[PDB]
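Colleague: How does the following fold in three dimensions:
(2 chains, ligands or ions: 6)
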Protein chains: 2
Amino acid sequence: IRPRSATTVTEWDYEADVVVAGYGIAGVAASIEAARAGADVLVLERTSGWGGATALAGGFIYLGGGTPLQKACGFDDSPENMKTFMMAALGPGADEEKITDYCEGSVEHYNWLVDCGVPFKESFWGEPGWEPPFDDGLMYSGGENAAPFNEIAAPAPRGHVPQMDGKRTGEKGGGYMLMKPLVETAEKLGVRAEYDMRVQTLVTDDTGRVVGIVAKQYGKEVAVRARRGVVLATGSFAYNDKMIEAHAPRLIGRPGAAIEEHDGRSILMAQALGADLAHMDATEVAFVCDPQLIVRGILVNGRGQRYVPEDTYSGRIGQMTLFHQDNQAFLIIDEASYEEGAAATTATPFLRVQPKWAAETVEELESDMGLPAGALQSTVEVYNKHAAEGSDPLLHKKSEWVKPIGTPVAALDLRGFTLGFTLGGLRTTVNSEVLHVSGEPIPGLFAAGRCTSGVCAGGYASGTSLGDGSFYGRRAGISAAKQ
Amino acid sequence: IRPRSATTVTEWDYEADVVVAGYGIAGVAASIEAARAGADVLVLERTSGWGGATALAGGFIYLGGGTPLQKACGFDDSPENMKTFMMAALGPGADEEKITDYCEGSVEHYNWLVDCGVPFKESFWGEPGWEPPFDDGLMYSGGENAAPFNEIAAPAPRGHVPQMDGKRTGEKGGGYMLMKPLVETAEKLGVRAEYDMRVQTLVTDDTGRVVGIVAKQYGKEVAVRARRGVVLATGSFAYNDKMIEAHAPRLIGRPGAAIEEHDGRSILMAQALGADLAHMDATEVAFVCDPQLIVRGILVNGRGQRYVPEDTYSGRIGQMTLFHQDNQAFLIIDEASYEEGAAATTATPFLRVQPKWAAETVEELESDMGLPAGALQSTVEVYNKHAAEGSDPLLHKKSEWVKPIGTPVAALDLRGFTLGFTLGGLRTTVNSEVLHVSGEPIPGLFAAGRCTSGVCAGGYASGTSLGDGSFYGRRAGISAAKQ
Ligand SMILES: Cc1cc2nc3c(=O)[nH]c(=O)nc-3n(C[C@H](O)[C@H](O)[C@H](O)COP(=O)(O)OP(=O)(O)OC[C@H]3O[C@@H](n4cnc5c(N)ncnc54)[C@H](O)[C@@H]3O)c2cc1C
Ligand SMILES: Cc1cc2nc3c(=O)[nH]c(=O)nc-3n(C[C@H](O)[C@H](O)[C@H](O)COP(=O)(O)OP(=O)(O)OC[C@H]3O[C@@H](n4cnc5c(N)ncnc54)[C@H](O)[C@@H]3O)c2cc1C
Ligand SMILES: C[C@]12CCC(=O)C=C1CC[C@@H]1[C@@H]2CC[C@]2(C)C(=O)CC[C@@H]12
Ligand SMILES: C[C@]12CCC(=O)C=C1CC[C@@H]1[C@@H]2CC[C@]2(C)C(=O)CC[C@@H]12
Ligand SMILES: [Cl-]
Ligand SMILES: [Cl-]
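Modeller: Residues are numbered from 1 along each chain as shown, chains lettered A, B, ... in the order given. Ligands and ions are numbered 1, 2, ... in the order given. Shown next is the protein structure:
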């Protein structure tokens, strides 16, 4: 992992101006910009093909500030409104400079993606869910239209989803229709790619400038020269057990990341040179129950208490559950509401969890669940008193979802229903320069995507990873191509 | 911050075998062992005198496994029992190797401190509080005798406190009577000290070995040669704003650390060489209300719900409040119980917070506090139903503290009552070698105390910082002195 001295490299197996490690969203975006800038670009990919986790993703791209898609669907937004939301939802300690920059450039970036051939359907999906069930292009994806954020920023949907039929998250998701047009764009520009390239270490000259990389390819060690810059775009550390334990131990035993090639190698390679890190504890957290069920009941913790409005982003529900409720949750829902939720339109019918317990009364359900006498009964009594007035003054679930819980009543066992992926990584500038602990860029070294700390510092919103990976991938390619 | 090449050092202003940066607990312990090993030892201290945060501390040292003090006070314990507690309380993702090692060596370490002249009174203080009000030597300090840990490990008090009169935490606390005998020990061994030494950067030779340091002293740059090793013992990053935002943003605006010299410089200096980090998000969190009041009421969050047993360690109350309850807490307590708690013996009478609201009924108190109708009333009704049977089945507060809340009833406003310090830092071996991201020690480089990730990975117990700082300080001095 220690840097290799350039003087010890006897021959270069490959050479380029800009060397991109990793052919996912950050890598392809970097390659497009570097090639447009006139640089000779070589992408090094560890597997046999392009796509990475990106090609398996739902396809959300977190964009706003007044995109043509938002306007076509009739949703106002501005860079200031977007920034206000993101600072509140994606912290604490979110990078204000980076978020401001991301927001100010968001409409341009949407247009840039469209220009590269990424298609979006100008239609909005408005029901609770993890993704649009159909080929709709816009959806709320961060809890913008739920408490607490709906009183902090004006709600605006920012989940932009490329148009694709038969989307299968985990196999060939909506993320594929982000990747494919970008790859086509890069290929037409003359971007070169080498596969089975497992990048291992950076090569530095005697000034400390990164001037290439060492990799294993087809069973042998190879050296690849980078005349202008190396872009690290190899993904996260989610599958590195040592790093999960040291940095993000809330994910021990509950991995959710898409691919095992996310082993943190590029983070470590850069740290070897003195590169800085940020928010290494930050984790996306999913909650594997269908949102159409969740929104029609109340979530209670292990003490039978409500703790989150049931109409917020289900990722936020995941974080609140894992982080603050010791991963213990139950959905309390009346039979009629369960039936309605189970019939509602969803992209994830396989997440329609069946109730574990069902009873004629809350008193019986409470005993059945092993909760102390009164713990659940009182929660439901207070909820129902206010819900009869369409009010949730405790958690501010929107009135449209608020009504008394009736009988018979059921409980879903949602203990241990979370899993997630890492959001922390290398510290980078808005120009995607990797920062040394000195606060200065490491010459020749750039990075984007989930090997970096991006817009998310703590909270997560769907689309922020493909969003910041593509946005800062562009910036890395521009910076790397400079002479 | 980048390392200085040894070839560029024209003259060494000072030279020693073992150079210790920082004259606090970790530094003095390292110096004693290095000097006993026969090494020429030089301590470099940034301020005009020794002590650091240690001399201002309460003086808890987290020790167990059957110390002579525990035995004299009639408390059984073992290294296995201590380890079981620490793994559960100080994680998630606590370093099992390090904790095991710390526990197996704990009795020897207590004896080692006694040999150096640290005095302990063989008496136990058994009442809730932040420290012993008198000169007692043993106290519960980690929640060992409260839920959930009292069902996971057999309760044993491990807060060992040096004997001292007129202890004043923040000025000259019990920690002074840990420091003073150790300093005397080091001086008699011939340990040398230089003051106004602000260490800035490490010096490395062409193999990457750390062979000295560069500092500013009395207005000028000086170089100090370390023939055998440099021990980093300069404290935490609590007062580095950039680092707090990047790594531990839950502490933004709520610093609790003792001294401003905790600016993370030694962490950064080591990272420049490729040193690894762990648990950079981990933070001790205090809660500035007297425990004798807390234990006699119920704590409720901003939704009027109980969330922590009121007889656990008040540091754990602090963490639960800040981390999981959005820093919002109120103490609900009847007038008679408040009077009893306010008269109870405490080291911190200045933390006897007065009630903000008081009412004849819970219904009125609830409205007064701006809580929704029923939110607090129901909490108290359920608590009281079980408390009339001496039972807290929701949070398992010990029965001795459980009884119904009566009337008149008061509420203390404990919103924004937390502050804390950082626990994350350099990754080190059990021999206090600083680890590179490669997993190999950086030659010549050792570290201990709050510039390192020690026994605590998340949870905190009082005494663990002086405990692991002195324990691993010893190990650093032993390792550094080796030829
Ligand atoms: C189920 C699921 C759904 C998701 N859907 C979304 C979504 O809709 N919107 C969103 O924003 N996020 C989503 N994500 C997250 C998103 O998929 C990833 O965070 C994002 O794709 C990472 O982008 P990247 O460019 O950093 O990595 P990748 O797209 O994974 O690309 C990294 C490339 O680097 C290669 N590589 C790894 N190591 C090396 C090496 N040593 N040498 C050379 N190459 C190497 C990998 O093989 C890979 O091809 C989802 C995650 C999951 C788990
Ligand atoms: C109110 C309060 C009470 C506490 N009480 C306890 C307790 O009872 N038990 C417990 O375990 N913990 C306690 N702590 C925490 C404990 O005080 C510290 O975590 C511990 O003293 C740190 O030990 P150290 O050796 O790393 O740092 P220190 O004891 O602070 O020593 C570090 C030394 O390094 C010097 N230094 C800094 N920078 C440089 C530099 N660049 N060059 C040269 N020297 C430098 C500093 O001046 C200092 O003298 C308490 C904290 C607070 C806030
Ligand atoms: C939250 C999420 C990841 C991060 C992101 O940005 C986009 C999505 C949408 C699809 C989610 C997924 C997490 C895992 C989910 C819950 C499933 O098991 C089926 C649907 C899927
Ligand atoms: C928790 C603590 C720090 C970490 C540690 O290990 C030992 C102590 C004991 C004294 C506490 C202090 C934190 C701040 C407290 C609450 C005060 O404001 C007065 C008493 C004091
Ligand atoms: Cl992923
Ligand atoms: Cl401190």
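
Colleague: Could you look up the SS state of residue A:350?
Modeller: Secondary structure for residue A:350, judged by DSSP: H, G, I helix; E, B strand; the rest coil, is helix.

Colleague: and the gap between residue A:212 and ligand 3?
Modeller: Distance, residue A:212 to ligand 3, by C-beta to the nearest ligand atom, to the nearest Å: 33 Å. C-beta: built from backbone N, CA, C; applies to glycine.

Colleague: Next up, the contacts around whatever residue of the stretch 301-450 of chain A ends up closest to ligand 6.
Modeller: Nearest to ligand 6, among the residues of the stretch 301-450 of chain A, is residue A:437, at 22.4 Å (C-beta to the ion). Residues in contact with residue A:437 (C-beta atoms under 8 Å, 6 or more residues apart in numbering or on different chains) are A:274, A:275, A:276, B:1, B:268, B:271, B:272.

Colleague: Give me the distance between the fourth one and chain A.
Modeller: This means residue B:1. According to C-beta to the nearest C-beta, to the nearest Å, residue B:1 stands 5 Å off from chain A.

Colleague: Counting neighbours, what do you get for that residue?
Modeller: 17 (other C-beta atoms under 10 Å in any protein chain shown).

Colleague: right, and it touches residue A:435 too?
Modeller: No: with contact defined as C-beta atoms under 8 Å, residue B:1 does not reach residue A:435; the gap is 11.7 Å.

Colleague: those helices in chain A, which residues are they?
Modeller: With DSSP state H, the ranges of helices along chain A come out as A:25-36, A:68-72, A:79-89, A:96-104, A:106-115, A:176-188, A:241-247, A:265-271, A:291-294, A:314-319, A:335-343, A:362-368, A:375-387, A:464-481.

Colleague: hang on, the earlier thing: can you select the buried ones from the contacts of residue A:437 in ChimeraX?
Modeller: To isolate the buried ones among the contacts of residue A:437 in ChimeraX, judged by 16 or more other C-beta atoms under 10 Å in any protein chain shown, type:
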select /A:274,275,276 /B:1,268,271,272
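
Colleague: Nearest to residue A:171 among the contacts of residue A:437?
Modeller: Nearest to residue A:171 among the contacts of residue A:437: residue A:275, at 34.2 Å, using C-beta to C-beta.

Colleague: ok, residue A:373 touching residue B:385?
Modeller: Yes: with contact defined as C-beta under 8 Å, residue A:373 reaches residue B:385; the gap is 6.9 Å.

Colleague: Compute the first-to-last residue distance for stretch A:329-339.
Modeller: Stretch A:329-339 has an end-to-end distance of 20 Å (C-alpha to C-alpha, to the nearest Å).

Colleague: List the buried residues of it.
Modeller: Taking 16+ other C-beta under 10 Å as the criterion, stretch A:329-339 shows A:329, A:330, A:331, A:332, A:333, A:334, A:337, A:338 as buried.

Colleague: so who does the third one touch?
Modeller: Looking back up the chat, that one is residue A:331. With C-beta under 8 Å, 6+ apart, residue A:331 has these contacts: A:289, A:293, A:294, A:297, A:298, A:299, A:353, A:411, A:412, A:414.

Colleague: Please identify which pair of those lies farthest apart.
Modeller: Longest distance between any two of the contacts of residue A:331 is 15.0 Å, between A:298 and A:353; criterion C-beta to C-beta.

Colleague: which of those two has more neighbours?
Modeller: The neighbour comparison of residue A:298 against residue A:353 (other C-beta under 10 Å) goes to residue A:298, with 26 against 18.

Colleague: how about the residue nearest to that one when sequence neighbours are not counted, what does it touch?
Modeller: Nearest residue to residue A:298 in three dimensions, chain neighbours excluded: residue A:332, at 5.0 Å (C-beta to C-beta, 6 or more residues apart in numbering or on different chains). Applying C-beta under 8 Å, 6+ apart, one finds that residue A:332 lies in contact with A:297, A:298, A:299, A:300, A:362, A:365, A:376, A:380, A:405, A:409, A:410, A:411.

Colleague: Hmm, the fourth one is touching residue A:306, no?
Modeller: Yes: Residue A:300 sits in contact with residue A:306 when judged by C-beta under 8 Å, with a separation of 5.9 Å.

Colleague: any shared contact partners between those two?
Modeller: Among the neighbours of residue A:300, those also in contact with residue A:306 (C-beta under 8 Å, 6+ apart) are residue A:379.

Colleague: The two: who's more crowded?
Modeller: residue A:300 (25 against 21).

Colleague: which residue sits closest to that one, ignoring its sequence neighbours?
Modeller: Going by C-beta to C-beta, 6+ apart, residue A:300 has residue A:330 as its nearest residue, at 5.3 Å.

Colleague: Who are the contact partners of that neighbour?
Modeller: Contact analysis of residue A:330 by C-beta under 8 Å, 6+ apart lists A:299, A:300, A:369, A:411, A:412, A:413, A:414, A:415.

Colleague: and residue A:275, how far is that from ligand 6?
Modeller: 28 Å (C-beta to the ion, to the nearest Å).

Colleague: and if you look at residue A:248?
Modeller: Here the criterion is C-beta to the ion. By it, residue A:248 lies 25 Å from ligand 6.

Colleague: Do I have it right that that residue meets residue A:280?
Modeller: Yes: here residue A:248 reaches residue A:280: they are 6.6 Å apart, a contact under C-beta under 8 Å.

Colleague: what sits in contact with each of the two?
Modeller: A:422, A:424.

Colleague: What is the burial count for residue A:172?
Modeller: Count around residue A:172 with other C-beta under 10 Å applied: 16.

Colleague: One more: residue A:185?
Modeller: 21.

Colleague: re the thing from before, from the contacts of residue A:331, pick the one nearest ligand 4.
Modeller: Taking C-beta to the nearest ligand atom as the measure, ligand 4 lies nearest residue A:299 of these, at 33.6 Å.

Colleague: before we move on, back to that, in JSON lines, list the contacts of residue A:437 along with distance to ligand 4.
Modeller: JSON lines is the format used below for the contacts of residue A:437 (distance: C-beta to the nearest ligand atom, whole Å):
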{"residue": "A:274", "distance to ligand 4": "32"}
{"residue": "A:275", "distance to ligand 4": "32"}
{"residue": "A:276", "distance to ligand 4": "28"}
{"residue": "B:1", "distance to ligand 4": "29"}
{"residue": "B:268", "distance to ligand 4": "24"}
{"residue": "B:271", "distance to ligand 4": "26"}
{"residue": "B:272", "distance to ligand 4": "30"}
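
Colleague: how near is the residue nearest to residue A:272 when sequence neighbours are not counted to residue A:269?
Modeller: Nearest residue to residue A:272, sequence neighbours excluded (C-beta to C-beta, 6+ apart): residue B:274, at 4.3 Å. Applying C-beta to C-beta, to the nearest Å, the value for residue B:274 to residue A:269 is 10 Å.

Colleague: what is in contact with these two at once?
Modeller: Counting by C-beta under 8 Å, 6+ apart, the contacts common to residue B:274 and residue A:269 are residue A:1.
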